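Structure assessment
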Amino acid sequence: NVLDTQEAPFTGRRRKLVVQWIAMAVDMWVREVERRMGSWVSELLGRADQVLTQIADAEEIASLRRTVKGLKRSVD
Amino acid sequence: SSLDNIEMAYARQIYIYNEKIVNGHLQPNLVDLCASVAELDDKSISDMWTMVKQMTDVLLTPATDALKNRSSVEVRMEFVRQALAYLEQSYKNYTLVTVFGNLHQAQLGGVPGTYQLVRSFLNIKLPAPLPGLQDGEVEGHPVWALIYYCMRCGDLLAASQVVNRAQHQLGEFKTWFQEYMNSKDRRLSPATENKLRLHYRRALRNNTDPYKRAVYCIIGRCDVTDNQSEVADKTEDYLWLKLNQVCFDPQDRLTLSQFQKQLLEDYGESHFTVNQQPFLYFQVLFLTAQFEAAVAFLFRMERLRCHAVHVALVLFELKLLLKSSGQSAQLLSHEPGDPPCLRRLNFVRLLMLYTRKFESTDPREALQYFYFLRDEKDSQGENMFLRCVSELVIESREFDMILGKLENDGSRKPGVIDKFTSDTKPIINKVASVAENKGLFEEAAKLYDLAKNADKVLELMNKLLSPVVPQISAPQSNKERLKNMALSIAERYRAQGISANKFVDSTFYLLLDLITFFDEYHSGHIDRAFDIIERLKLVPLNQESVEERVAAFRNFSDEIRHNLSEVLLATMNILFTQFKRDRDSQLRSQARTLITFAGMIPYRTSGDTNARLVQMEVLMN
Amino acid sequence: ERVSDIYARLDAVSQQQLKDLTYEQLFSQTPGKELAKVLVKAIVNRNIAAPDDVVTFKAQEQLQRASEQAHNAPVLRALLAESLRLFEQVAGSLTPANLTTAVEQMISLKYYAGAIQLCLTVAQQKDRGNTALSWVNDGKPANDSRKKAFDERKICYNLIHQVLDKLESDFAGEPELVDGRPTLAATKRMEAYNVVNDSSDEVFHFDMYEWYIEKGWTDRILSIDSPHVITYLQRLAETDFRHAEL
């Protein structure tokens with residue numbers, strides 16, 4: 001809900017941090033399922049990737065895109 | 001064991017072929033590895049593999065799609081030649097055993113020249129002269145008989161020698177035949193081919209010499225409808241007669257597609273299996289490039305399942321078998337977006353059937369056959385080989401043998417699957433996952449512990465311990481059998497520095513301490529048991545700690561809160577006993593503490609427990 | 001975890017670094033951090049025997065379990081398919097040691113196509129700018145720093161050679177057709193070589209032309225059709241007799 005509305009302070013290039021949060025949260029989620037969610041999470045991680053390209057720390061973003069696309073595989 | 005003598009020998013050969021690919025060695029000839037067992041059986045099977053080798057021994061384009069090789073006119077042409085070379089050589093052996101009683105008998109005296117053999121073959125099969133022969137004889141036999149059976153045996157040179165000694169009698173046939181022997185692909189030039197066909201059709205359409213008729217339209221590939229039944233009375237003689245008549249790019253012409261389809265569509269199994277001889281039909285399909293049909297067909301004969309599966313594998317490891325994309329289709333089918341003259345084999349189902357027979361008590365051999373499915377997946381994405389190993393372990397329950405037994409000393413003796421892939425983390429969880437879903441926690445723990453997945457091992461170990469925490473640990477009980485495995489998991493998890501998240505892990509070592517608290521309590525070692533509970537700082541004993549201990553209970557695993565009732569009572573009964581034996585004030589103070597704690601904690605059987613706790617404190621005073 | 005089990009299966013420099021490892025070094029020195037990484041890496045590639053460094057472990061765990069199976073098309077295929085899925089998500093980060101072991105394990109389980117697909121993916125991810133294609137198109141000037149980019153693709157291409165090599169080896173003597181339709185050994189040959197001809201990696205196809213030439217497969221190379229191979233030869237002709245003959 002935060003990544004779509006883009007109400008301040010969650011605007012502009014600061015949304016790079018919103019994706020980092022989403023990566024951490026979802027990553028901790030699949031790691032908590034594989035230790036022991038649907039289309040809408042895959043819809044998000046892919047939509048979260050548009051944000052990283054729309055923002056394109058040149059190497060941080062690049063490394064982060066490959067962490068998102070890794071989670072999209074883990075859910076599908 | 002569910003494997004017959006023949007099937008077992010094949011399994012061993014398939015283990016070799018797997019051992020070679022598992023150690024990266026040279027890809028040996030599978031067809032040779034299968035014919036190695038065939039010689040241990042009757043020649044009915046040996047002569048099959050001979051056909052399989054010769055029909056698959058065609059120059060291919062490595063790393064090319066299967067459908068492409070089989071659609072290419074290039075390859076389709078060589079199939080016809082490899083078959084004709086088999087029908088000719090096969091017939092040549094029939095001609096030997098016809099003259100000599102045994103192949104060995106012919107060999108000791110020496111195989112005679114194809115010419116003298118054929119001559120010594122005509123003596124028997126026509127002892128008296130037929131009155132309808134033409135063009136005289138040659139060294140005591142009709143010239144056309146010699147030419148036919150020489151061409152039938154495949155020795156065109158031997159046939160041309162016959163022609164050279166009858167130059168005057170045969171007329172213009174010499175210059176025509178000499179061209180056929182020269183031109184490749186057993187075809188003449190359109191101009192000369194036209195000259196002879198029209199001559200034959202002119203006044204020789206019905207000649208009293210059947211051998212003359214046969215040779216002419218074998219050379220000219222004419223009169224495709226006339227099966228020359230006078231000379232081609234056997235089935236192989238028919239196949240050979242037609243494969244010498246097929247053509248490639250409108251009247252009086254037959255092509256492989258028409259012939260191959262014409263045979264099985266109009267004259268199906270029914271026509272070729274009335275004599276209850278199965279290989280006859282198989283040879284008809286295999287020597288016409290219809291490998292999928294012949295494989296499915298022969299796979300239904302319950303006595304020849306082994307052979308049909310392997311001839312499928314050979315075609316599969318040679319990029320020649322046309323697999324069916326969808327796994328929901330029948331065993332034999334024609335894809336909707338493919339030409340009607342080709343068929344497809346549901347290879348996945350094929351192996352799945354063969355395996356179910358001996359997968360129950362012969363797992364090792366089953367895996368060897370499951371490996372060929374390594375390159376395929378299913379609709380859900382799982383690797384077919386990996387899934388087949390999961391299902392085979394769920395059913396067979398052969399964990400130590402197939403997955404590798406992880407002893408209680410910290411060793412992992414590898415299993416049979418370790419040979420095929422080194423990434424054994426998923427299936428061990430797959431097998432552990434279902435057994436977990438079937439309430440088989442004690443097994444799911446051993447399995448999860450085999451894959452060093454402590455998050456799940458300790459989780460399940462928490463569930464198996466909480467019920468047994470206050471119970472009496474007695475020889476061979478369910479407590480001993482679970483406590484002793486938990487301790488064997490505590491050592492191996494400390495010596496190897498392994499641990500799950502602190503929530504799962506903290507509870508696991510906490511229960512182990514409590515299990516010690518009751519094992520000491522039930523033994524009468526009151527002093528020793530009191531000391532343990534004091535360390536855990538789980539139950540307050542001085543009024544100052546009540547506030548913090550009460551807050552901790554809120555976030556402690558319910559596997560602990562469950563056993564709070566028995567802990568308070570044992571601890572109370574401990575102080576209770578020590579009282580009957582200043583110190584009195586100290587026990588009295590601690591007695592109070594337990595009550596106030598229990599009063600502020602909502603827990604299991606708080607009613608009966610809180611009452612008993614208060615009574616035991618009153619008797620102290 | 002099982003400690004000495006790791007130790008026994010270590011190097012000597014790894015075994016001797018752990019021997020004289022102090023807590024100070026672990027806490028505040030690089031060699032200590034490096035060894036910690038080595039050790040965790042070992043226990044991860046054994047239960048398989050940062051969402052990038054986490055996924056890579058699970059992938060090794062999936063692949064390790066696959067090899068521990070009795071061969072269940074459903075379970076084996078699932079584990080393999082997933083292992084590949086995961087590895088590809090972290091393709092750009094894979095080290096030559098992890099890639100090699102993975103490919104080898106997949107090769108042992110007859111997962112040829114899959115192995116090849118991983119190698120190509122890894123090659124494309126370690127160089128999305130195609131610095132390698134331009135470095136080859138520029139004659140490979142020494143002292144240039146695209147060599148690294150080309151080397152990281154060559155390690156993937158070599159591993160692809162091993163896959164195809166082991167494929168023809170594993171299926172040496174196996175027939176391409178049985179009873180009419182194709183065998184399973186044949187379909188894996190087609191599925192593998194499909195992945196090959198389905199690629200758009202150009203440095204890869206150059207490396208494969210060179211490879212075909214090496215192995216002597218005039219069979220397949222003369223049958224490509226494409227000009228791409230002609231144009232490639234037109235540059236390398238005045239240079240080698242064997243190429244000029246092609």
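First, a word on what this report is: a plain description of the structure on this page. (Residues numbered from 1 in each chain as written, not as in the entry; some residues may be left out. Chains lettered and ligands numbered in written order. Part of a larger assembly, values for the part shown. Heavy atoms only, no water. Residues with missing side-chain atoms left out of burial classes, pairs and counts.)

**Considering empty space enclosed by the protein**
Here the idea is plain: a probe the size of a water molecule rolls over the atoms and shows the empty space left. Reported here for the largest cavity is a volume of approximately 110 Å³. If you go around the largest cavity, the residues you meet are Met77, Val80, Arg81, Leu84, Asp185, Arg186, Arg187, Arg221, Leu243, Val246 and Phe248 of chain B. Tallying contributions element by element places helix α5 (residues 73-99) of chain B first for the lining of the largest cavity, with four residues. Classifying every residue of the lining of the largest cavity by side-chain character gives six nonpolar, no polar and five charged. Reported here for the second largest cavity is a volume of approximately 50 Å³. Together, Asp27, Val30, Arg31, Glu34, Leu71 and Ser74 of chain A together with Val54, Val55, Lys58 and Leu86 of chain C line the second largest cavity. Elements with a minimum of two residues in the lining of the second largest cavity: α2 (15-35) and α4 (58-75) of chain A together with α5 (51-67) of chain C. Broken down by element, the lining of the second largest cavity gets its largest block of residues, four residues, from α2 of chain A. Classifying every residue of the lining of the second largest cavity gives five nonpolar, one polar and four charged. (1 Å grid on protein atoms, 1.4 Å probe; cavity = no way out; pocket = protein on both sides within 12 Å on 5 of 7 lines; lining within 4 Å. Points joined across faces, edges and corners; volume = space filled by probe spheres on them. Helix = DSSP H or I, 4+ residues; strand = E, 2+ residues; numbered from the N terminus. Nonpolar A, V, L, I, M, F, W, Y, C, P; charged D, E, K, R; others polar.)

**Some words on a nonpolar patch on the surface**
Among the surface-exposed residues, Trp29, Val33, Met37 and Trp40 of chain A lie close enough to one another that they form a single nonpolar patch of about 420 Å² accessible area. Mapping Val33 of chain A onto the fold places it in helix α2. (Patch = residues over 30% accessible without salt bridge, like charges linked within 9 Å, V, L, I, M, F, W, Y side chains within 5 Å. Areas by Shrake-Rupley, 256 points an atom, 1.4 Å probe, with all protein chains shown as cover. Salt bridge = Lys/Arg side-chain N within 4 Å of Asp/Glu carboxyl O.)

**Some remarks on the state of the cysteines**
Residues and elements named next belong to chain B. This structure, assessed with the given rule, holds one disulfide over all chains. The residue that forms a disulfide with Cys217 is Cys222, at a sulfur-sulfur distance of 2.0 Å. Measuring handedness by torsion sign, the sulfur bridge of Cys217 and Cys222 sits at about -105° and is left-handed. The same class applies to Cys217 and to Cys222, which are both buried. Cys222 supplies the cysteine sulfur nearest to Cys247, a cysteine that is in no disulfide, at a spacing of 12 Å. (Disulfide = S-S within 2.5 Å. Buried < 20%, exposed > 50% of the residue type's maximum accessible area, 1.4 Å probe, protein only.)

**Notes on the packing of aromatic side chains**
Throughout the structure, instances matching the rule amount to 43 aromatic pairs over all chains. Between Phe316 of chain B and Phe171 of chain C, the aromatic rings sit 6.4 Å apart at their centres with planes inclined by 55°, giving tilted as the arrangement. Separated into two different chains, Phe316 of chain B in helix α19 (residues 305-316) and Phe171 of chain C in the loop between α10 (147-170) and β1 (177-178) make up a pair that spans both. No difference in accessibility class separates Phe316 of chain B from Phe171 of chain C, as the two residues are buried. Taking 5.0 Å as the distance between ring centres and 75° as the angle between the ring planes, the aromatic pair formed by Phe508 of chain B and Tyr509 of chain B counts as edge-to-face. Pairwise contacts between aromatic rings join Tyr91, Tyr94, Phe121, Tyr148, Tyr149, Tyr211 and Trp240 of chain B into one cluster. Across from the ring centre of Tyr193 of chain C, 4.6 Å away, lies the NZ or CZ of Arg220 of chain C, which sits over that ring. (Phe/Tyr/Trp six-rings, centres within 6.5 Å; stacked < 30°, edge-to-face > 60°. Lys NZ or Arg CZ within 6 Å of the ring centre and 35° of its normal.)

**Let's talk about the side chain of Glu88 of chain C**
Secondary-structure assignment places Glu88 of chain C in helix α6 (residues 73-89). For the buried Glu88 of chain C, no salt bridge exists, and the shortest N-O distance to an oppositely charged side chain is 5.1 Å, to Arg73 of chain A. The residues touching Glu88 of chain C, leaving out its near neighbours within four places in the chain, are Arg73 of chain A together with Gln117, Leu118 and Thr121 of chain C. (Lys, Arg positive; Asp, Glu negative; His and termini not counted. Contact = heavy atoms within 4.5 Å.)

**Things to note about the interface of chain C and chain B**
Put simply, an interface is often sized by how much accessible area is lost when its parts join up. Facing the 75 residues of chain C at the interface are 122 residues of chain B. Regarding the contact of chain C and chain B, the summed buried area is about 5,800 Å², with carbon and sulfur atoms giving 50% of it. Our count for the contact surface shared by chain C and chain B stands at six salt bridges. One salt bridge connects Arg77 of chain C with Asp378 of chain B, and the closest N-O pair in it is separated by 1.4 Å. At the junction of chain C and chain B, the tally comes to 142 residue pairs in polar contact. Top contributing element to the side of chain C that touches chain B by residue count: α6 of chain C, with 12 residues. A breakdown of the residues in the side of chain C that touches chain B according to their chemical character gives 34 nonpolar, 19 polar and 22 charged. (Buried area = accessible area lost by both parts, 1.4 Å probe. Polar contact = N/O pair within 3.5 Å; in protein donor to acceptor, adjacent residues only side chain to side chain.)

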